[PDB]
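See structure below.
Each answer follows from the model by the rule given with it, or from the source it names; no laboratory instrument gave them. Positions of Cβ are generated from backbone atoms using ideal geometry, with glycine treated the same way; all protein chains shown enter the neighbour counts.
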Amino acid sequence: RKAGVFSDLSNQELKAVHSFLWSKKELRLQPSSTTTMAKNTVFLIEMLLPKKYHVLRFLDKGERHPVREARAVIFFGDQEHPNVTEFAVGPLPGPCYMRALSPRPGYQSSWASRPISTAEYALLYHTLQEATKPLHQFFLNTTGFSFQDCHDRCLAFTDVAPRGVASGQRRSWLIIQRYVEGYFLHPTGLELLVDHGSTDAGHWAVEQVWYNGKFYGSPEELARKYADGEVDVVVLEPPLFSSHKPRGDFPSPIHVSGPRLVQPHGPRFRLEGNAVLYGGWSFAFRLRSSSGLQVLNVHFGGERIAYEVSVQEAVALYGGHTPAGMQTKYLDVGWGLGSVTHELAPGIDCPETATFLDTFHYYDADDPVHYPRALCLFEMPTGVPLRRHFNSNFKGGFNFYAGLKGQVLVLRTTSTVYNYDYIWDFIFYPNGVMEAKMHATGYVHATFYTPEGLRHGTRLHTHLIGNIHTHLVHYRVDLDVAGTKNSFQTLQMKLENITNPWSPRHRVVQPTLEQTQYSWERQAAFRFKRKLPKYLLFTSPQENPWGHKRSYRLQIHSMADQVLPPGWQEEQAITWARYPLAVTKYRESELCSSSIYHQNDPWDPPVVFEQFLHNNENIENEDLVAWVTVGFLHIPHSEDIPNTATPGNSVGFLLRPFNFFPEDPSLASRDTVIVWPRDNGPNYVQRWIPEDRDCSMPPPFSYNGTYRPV
Amino acid sequence: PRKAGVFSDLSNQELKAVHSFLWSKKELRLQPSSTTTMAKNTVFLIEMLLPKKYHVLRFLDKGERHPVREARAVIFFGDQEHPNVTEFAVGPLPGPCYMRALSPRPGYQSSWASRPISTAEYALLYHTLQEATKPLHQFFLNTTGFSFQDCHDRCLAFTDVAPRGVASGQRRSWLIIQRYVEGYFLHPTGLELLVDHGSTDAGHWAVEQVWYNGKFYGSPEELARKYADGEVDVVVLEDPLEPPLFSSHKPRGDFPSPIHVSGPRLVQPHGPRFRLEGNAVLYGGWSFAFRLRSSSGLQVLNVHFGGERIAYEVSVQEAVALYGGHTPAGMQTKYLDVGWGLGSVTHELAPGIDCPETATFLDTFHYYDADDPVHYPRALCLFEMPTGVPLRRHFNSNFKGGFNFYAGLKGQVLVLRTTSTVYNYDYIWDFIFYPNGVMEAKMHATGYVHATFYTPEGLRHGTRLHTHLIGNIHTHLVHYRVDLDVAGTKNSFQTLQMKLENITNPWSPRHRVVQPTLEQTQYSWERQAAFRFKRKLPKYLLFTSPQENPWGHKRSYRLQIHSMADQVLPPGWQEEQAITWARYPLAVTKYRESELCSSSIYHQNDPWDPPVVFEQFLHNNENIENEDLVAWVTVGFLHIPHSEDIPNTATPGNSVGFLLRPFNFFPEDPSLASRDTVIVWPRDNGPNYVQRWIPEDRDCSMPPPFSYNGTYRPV
Ligand SMILES: *[C@@H]1O[C@H](CO)[C@@H](O[C@@H]2O[C@H](CO)[C@@H](O[C@@H]3O[C@H](CO)[C@@H](O)[C@H](O)[C@@H]3O)[C@H](O)[C@H]2NC(C)=O)[C@H](O)[C@H]1NC(C)=O
Ligand SMILES: *[C@@H]1O[C@H](CO)[C@@H](O[C@@H]2O[C@H](CO)[C@@H](O)[C@H](O)[C@H]2NC(C)=O)[C@H](O)[C@H]1NC(C)=O
Ligand SMILES: *[C@@H]1O[C@H](CO)[C@@H](O[C@@H]2O[C@H](CO)[C@@H](O)[C@H](O)[C@H]2NC(C)=O)[C@H](O)[C@H]1NC(C)=O
Ligand SMILES: *[C@@H]1O[C@H](CO)[C@@H](O[C@@H]2O[C@H](CO)[C@@H](O)[C@H](O)[C@H]2NC(C)=O)[C@H](O)[C@H]1NC(C)=O
Ligand SMILES: *[C@@H]1O[C@H](CO)[C@@H](O[C@@H]2O[C@H](CO)[C@@H](O)[C@H](O)[C@H]2NC(C)=O)[C@H](O)[C@H]1NC(C)=O
Ligand SMILES: *[C@@H]1O[C@H](CO)[C@@H](O[C@@H]2O[C@H](CO)[C@@H](O)[C@H](O)[C@H]2NC(C)=O)[C@H](O)[C@H]1NC(C)=O
Ligand SMILES: [Ca+2]
Ligand SMILES: [Ca+2]
Ligand SMILES: [Ca+2]
Ligand SMILES: [Ca+2]
Ligand SMILES: [Cu+2]
Ligand SMILES: [Cu+2]
């Protein structure tokens, strides 16, 4: 497989990179699990893609496999001036070198920008246990739970990000919750601000306390005001409301299992490593531990359509009445969006007939970690024919019926960082259409109910506000339509008003086809304020047999809009969210629109998408990259309890051939059925594959739930 | 289930009873539809006429008597000095006694010209062409190899466009001439003919204009002469009669990765989980009735979830395709499907292809341009199908190599489906019901595009798809009536937006917080809630009840539109009067019995002066606070054809519609009553506990062998 150039690191490869780094005594490496911040540790290891120039010479011109390398992110906490530095480690197999990457002269906030880690959370929990001792009685009286000798009645916390008011700060608002089933939905009314910037956790402090609508300065002050009767206190078997356990009764109860897919004849796609073949399609895939799912080197009918289609970032931007709520701008890549690909449940998350695939991740771990059923690949009937026609004779019969049953191939993973579960799909139809989709489910981000909260959300239970927010997702769509050099054009309908040529006293007011060409990047950077043309076309100079340029069309499915003001503070981290569509000239320095650092330094991040447009380059006959923002406003509602559900809660885009193929490319499918009438007999049912009614059983259900080194 | 009968379409027996009652009135001078003269009186359409909502609701909700059941009957009165179309309500059913005036339009003088085309009329048009084009017979043989006269397997055919003239009262049709081969829609010859067929005496009908390959010629004789004299730039077409014809669905080409076996299929060993009886459906939380109105299409009625009404009616109202063209037929074409019996062209669904092999397939009867009620096999289907994505799921990690639980609910949806194949295009009409109280309307487009003869000038109005073929640019627009009755009749309409505030940071006063807030807008008057395409459409469109949920929020349903539609024709210009609803992705009206439909069978052939002008429902700008509201939704898409549309447009990416989602209506997720949920829990030192409320299924079953009939006939 040539697709191996795109493949993630194996367990063996991750171990080899880790071993190589640990052989360097001068790095003073310690495990992720060690509970001090004043340590040097390897935070993330993942495959580092070679330059596209070299990859295409290997794929297309028969040249050598590019050098395979890893990206290694090292937290240097065990030095006077802590920082994060990244390295290219290679070659693989047999690593030799360690080359530092991406310097930022003059940038001083590297350390503060780094992701939170399990060890850091352990230290935060200790800080809280100690700092809140004065509140122990308050906790018991108001919630029946505590942090001390609490057992099955313990308080927990949820941190929000970003963590302060400026670059270099690490001051986190923490929402206190009761640790019960679906704890996300059990805020107590207390929130605490902790400064945890120092590498010495003994310096960490609670700097501010908010309880039920008022600030109190310190845990001691709240405790004293409580004792003195100066606090407006809220004192907090069917299933818990936050449980998924069934309750209630439908008027027409259902006691049996629903229909299921059977695949007695096995998969109709071929999977070899990370290479997939399905009908006209060939592609490779990878799951980038930092940023998520990608499909690469996508071909249909042996011609390239897209070099890369990848998840880049996923954001949830909140308002609130509470300090934690008004603070929250979550950026998932800052949490290992591609590393939280937890186990897919057969028959539920994917069909029982799906092919389930494991992966390995090294993200905030002591050793590479095995993730069972991290991805699945499956063919599914869509329930609607790809095409059908009833050719009537308009006299009580027919000339023929023709139809092709609808099927699609789905490549799927998930991300569950904490409360939310996103389902990430790349979908391939037999006629050369591909679709990207993200569906949201899991638990909402929620805060304690007070009346003031109703200006920033919806009351969802007695003590619970679902905060208003917008979800925004960015994708990189490096279309290479029939090859690398493309142009971008749009089509519109425009009316003309002409003399009616067969009745000159009258007029014809009718549609015409208008084509718009784009020469410079800025012309193709569409803001949310701008009218998005209905046909967004990436074109090859090659023509089809009818004289029309071979193209692929991008069709966006989104309810997104401009959320933050352009140029204001944290908006610097998400300037891509100004554009439902922007088109750039391909550059190796612009492969990603976000980073793991954006979450915790959104004020001065290492990648600012807007800057990609500053040079306003020529985009006529160039290697073009489309970048797509999709999303939706989510005002929570009571039906979101216990979880948001997927119906209507998906966004994404389609890539559709447009004059690319001389006729419908699904015509090669032998699944087509045509029914023909016959004089004085039964109809002739014409098939190119025999009718099948076989049934088989899938494997019995199992689920593991653990993800451990191997 | 008996009560759903108030909404039910007429039976074969009821249609026969209505027809017989009319035929018993000898003064009507009725003749069969098939009689080949226009100068006749005939019953063109018979369908159930829904009773007044006031009476239906008293029946359903207050225990009062079943309303009287009636049929709409449309009579073409062609056998008189001043022909017209008149409608009647015939009842009661059973035992029809009366025919009362229905939808009278006194003072309107063009009803005859406005009427739909019929099979008899097409036969007379063919006879007119056979005679009128005699001068062109040799021209036809030389340029096409096909003919109108003395043909058997090499016959010319035509496709008529509409509307038919330049003003109300005209019936002058442009006809695209084609070769009658497999997929004939895609074989234009380059000739188009304008025929005036207004007279009830077909002997007066004439070809009044001729267009061939870029030029007008006046008459068939003039073109014949110029051709004979060597003065016509002709296009000689190749013989179309081993490889399949381009317009055929027969496979050709080969995928690089061979597929030699059937793909995965649904099995349903436990049978349906929905309860379908007559036109009544129960599915978990859902209860609804349905009907297939012969004139306008699929409807779902009296839609409830959890025993509470959500919608009185959700129905297809009209489906339009508005074209441009270089040819006179192309530039004429504004097709309105209700003018062709949109709900009557529900042709046979092929099991395993059009619906899953596990679907329930239902027959119907229609009486539309027929001599007797006609049986339509497998006209509808109803099926549950896995969506492939869980309704909800969550992995509750312990962040230390394990979990606290996994919970998930497998995705299923109930689909009620029919189709419409008037001629070239096949639309697939779905109403879909999710177990969490979300319902969705969807239309998918497939079949053959409307196409004209290629010349270079055609490229300003379309795409060259084959040697001699232009796919004309057009826009599809569909109108839906959405009579939401959220928890009952009296509702209001409101919208929600996000608006930023900029405040002092309350914990760091030197700084600012610029953040989202929730903004609510109330609407009091119809005009305020008529959203034009140029207007910003709010992201939350809510229909509210005054009743509050347990958390103090008003019980609502949210409308979410999936569309790429835009304004097509200029508001107020000529034929736009027929489609003024297409100005509005959403408009909200006060319920009225005189405003039940936004279109009619008459709109297609008199778009200039039609019997219903949707804009008129907004003229009185009525108060819409605590009233019976009706939402009306336009969905659609611009379709610039492309070579992948040959032989047929395909469904992927070619659907539009809307969702209705509960919004603070239920106290928590209404799917929680589903016993399909599975939760897996960890156990110390043991295997996990898989908690279920329905046992694991791996049973098997087989569907019946495929069959397909293809005929639709009286029974
Ligand atoms: C559309 O055509 C229908 C059918 O021809 C018209 O209804 C018919 O109207 C005539 C009146 O012209 C009625 O004829 C008879 O007139 C004599 C008077 O000499 C009267 O004594 C009889 O009682 C009878 O009414 C005829 O009954 C009536 N037919 C039906 C089925 O209603 C209709 O008026 C035309 N519509 C328009 C708007 O012109
Ligand atoms: C971040 O910390 C790293 C590691 O301490 C620094 O990298 C070292 O730089 C010194 C001085 O140039 C070299 O002698 C060492 O070889 C480096 N060590 C490694 C492992 O690369 C680095 O200078 C700091 N980065 C910044 C921007 O200050
Ligand atoms: C299309 O163009 C025609 C011709 O310019 C416009 O018709 C004119 O309209 C004005 C104002 O109503 C009249 O006074 C003229 O007599 C009309 N001229 C002719 C030749 O008909 C027409 O309004 C235009 N329509 C649209 C929708 O733009
Ligand atoms: C999850 O998977 C792991 C790995 O397969 C299971 O651990 C194995 O358990 C088997 C059965 O007892 C033992 O024979 C092996 O010693 C274990 N292998 C390893 C590598 O640890 C584990 O039991 C599974 N957990 C659950 C809850 O199903
Ligand atoms: C939010 O409001 C603040 C306060 O009015 C704005 O901050 C001021 O901005 C101007 C520059 O236009 C400065 O001269 C002032 O010194 C600022 N005042 C304070 C108190 O900070 C701020 O620009 C507003 N931001 C947005 C996005 O509207
Ligand atoms: C279409 O359906 C009709 C009605 O079932 C079929 O007509 C019957 O054909 C069978 C022969 O298999 C005869 O026994 C019956 O007498 C026929 N009944 C009627 C009412 O005509 C018809 O054969 C079917 N056509 C096709 C092509 O399958
Ligand atoms: Ca650039
Ligand atoms: Ca490219
Ligand atoms: Ca009104
Ligand atoms: Ca209503
Ligand atoms: Cu959300
Ligand atoms: Cu179309």
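Counted as qualifying within the range A:50-136 are the helices (runs of 4 or more DSSP H) with 1 or more residues that are surrounded by fewer than 19 Cβ atoms within 10 Å (Cβ to Cβ), namely A:52-60, A:118-131.
Matching residues to (1) closer than 30 Å to A:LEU537 by Cα; (2) away from ligand 6 (no atom under 16 Å from the Cβ); (3) not charged (D, E, K, R); (4) not assigned by CATH to the domain that holds A:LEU317:
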| site | (1), (2), (3), (4) |
| --- | --- |
| A:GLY652 | yes, yes, yes, no |
| A:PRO665 | yes, yes, yes, no |
| A:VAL673 | no, no, yes, no |
| A:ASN704 | no, yes, yes, yes |
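Take B:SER199 and decide whether it is crowded, with 20+ Cβ neighbours inside 10 Å and polar (S, T, N, Q). No.
Restricting B:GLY297, B:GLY253, B:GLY278, B:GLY285 to those that are crowded, with 22+ Cβ neighbours inside 10 Å and either away from every other protein chain (no Cβ under 11 Å) or under 30 Å from A:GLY279 (Cα atoms) (or both) reduces the list to B:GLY297.
Taking A:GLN599, is it more than 7 Å from chain B (Cβ to nearest Cβ), more than 16 Å from ligand 11 (Cβ to nearest atom) and under 17 Å from the mean Cα position of the chain (by Cα)?
Yes.
Taken as a whole, the structure leaves B:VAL422 outside the set of residues that are away from ligand 11 (no atom under 16 Å from the Cβ), among the aliphatic types (A, V, I, L, M), surrounded by fewer than 24 Cβ atoms within 10 Å (Cβ to Cβ) and more than 26 Å from B:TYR180 (Cα to Cα). Scanning the range A:630-658 for residues that are out of contact with any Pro (no Cβ under 8 Å at 6 or more places or on another chain), more than 20 Å from A:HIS456 (Cα to Cα) and facing chain B (nearest Cβ under 7 Å) returns A:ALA645, A:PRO647, A:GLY648, A:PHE658. Of the strands (runs of 3 or more DSSP E) entirely within the range B:324-441, those holding at least 1 residues that are farther than 28 Å from B:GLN268 by Cβ occupy B:334-336, B:360-368, B:374-386, B:392-397, B:403-409, B:425-433.
Is it the case that A:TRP568 is surrounded by fewer than 22 Cβ atoms within 10 Å (Cβ to Cβ), more than 16 Å from ligand 2 (Cβ to nearest atom), farther than 28 Å from A:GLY164 by Cβ and within 12 Å of chain B (Cβ to nearest Cβ)? Answer is no for this residue.
Under the condition of being of a type in the set (S, T, N, Q) and not in a loop (DSSP other than H, G, I, E, B), the residues counted in the range A:194-245 number 1.
Would you say B:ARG661 is surrounded by fewer than 19 Cβ atoms within 10 Å (Cβ to Cβ) and either within 30 Å of B:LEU484 (Cα to Cα) or at the interface with another protein chain (Cβ under 7 Å from one of its Cβ atoms) (or both)? Against the criterion (surrounded by fewer than 19 Cβ atoms within 10 Å (Cβ to Cβ) and either within 30 Å of B:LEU484 (Cα to Cα) or at the interface with another protein chain (Cβ under 7 Å from one of its Cβ atoms) (or both)), B:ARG661 does not qualify. Within the set A:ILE596, A:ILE641, the sole residue that is under 30 Å from A:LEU48 (Cβ atoms), more than 16 Å from ligand 4 (Cβ to nearest atom) and crowded, with 24+ Cβ neighbours inside 10 Å turns out to be A:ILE596.
Please find, among B:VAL320, B:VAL303, B:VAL338, B:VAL314, the residue that is buried (at least 24 other Cβ atoms within 10 Å of the Cβ), touching a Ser or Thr at 6+ places or on another chain (Cβ under 6 Å) and of a type in the set (A, V, I, L, M, F, W, C).
The match here is B:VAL338.
Which members of the range A:427-481 meet the condition of being more than 23 Å from the chain's Cα centre (by Cα) and surrounded by fewer than 22 Cβ atoms within 10 Å (Cβ to Cβ)? Result: A:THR450, A:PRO451, A:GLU452, A:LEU454, A:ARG455, A:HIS461, A:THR462, A:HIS463. Pairs are defined by a Cβ separation below 7 Å, a sequence spacing of at least 6 or placement on different chains, a first member in the range A:79-97 that is closer than 16 Å to A:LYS24 by Cα, and a second member that is surrounded by fewer than 18 Cβ atoms within 10 Å (Cβ to Cβ) and among the charged types (D, E, K, R); the pairs so defined are A:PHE87/A:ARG99; A:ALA88/A:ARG99. Summed over the range B:482-511, residues that are surrounded by 23 or more Cβ atoms within 10 Å (Cβ to Cβ) and charged (D, E, K, R) total 1. Among the residues of the range B:677-715, those identified as within 7 Å of chain A (Cβ to nearest Cβ), under 22 Å from B:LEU391 (Cα atoms) and part of a loop (DSSP other than H, G, I, E, B) are B:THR677, B:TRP693, B:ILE694, B:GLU696, B:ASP697, B:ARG698.
Take B:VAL588 and tell me if it is in contact with a strand residue (DSSP E or B) (Cβ under 8 Å, 6 or more places away or on another chain) and either of a type in the set (A, V, I, L, M) or away from ligand 8 (no atom under 16 Å from the Cβ) (or both). So B:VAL588 passes the test.
Which ones in the range A:640-673 are in a loop (DSSP other than H, G, I, E, B) and under 30 Å from A:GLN489 (Cβ atoms)?
From the range A:640-673, those in a loop (DSSP other than H, G, I, E, B) are A:641-643, A:645-649, A:659-664, A:669-672; that's our starting set.
The answer is A:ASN659, A:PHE660, A:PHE661, A:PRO662, A:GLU663, A:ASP664.
Kindly indicate whether any position in the range A:358-367 is more than 16 Å from ligand 9 (Cβ to nearest atom), within 8 Å of another protein chain (Cβ to nearest Cβ) and within 20 Å of the chain's Cα centre (by Cα). Scanning the range A:358-367 turns up no residue that is more than 16 Å from ligand 9 (Cβ to nearest atom), within 8 Å of another protein chain (Cβ to nearest Cβ) and within 20 Å of the chain's Cα centre (by Cα).
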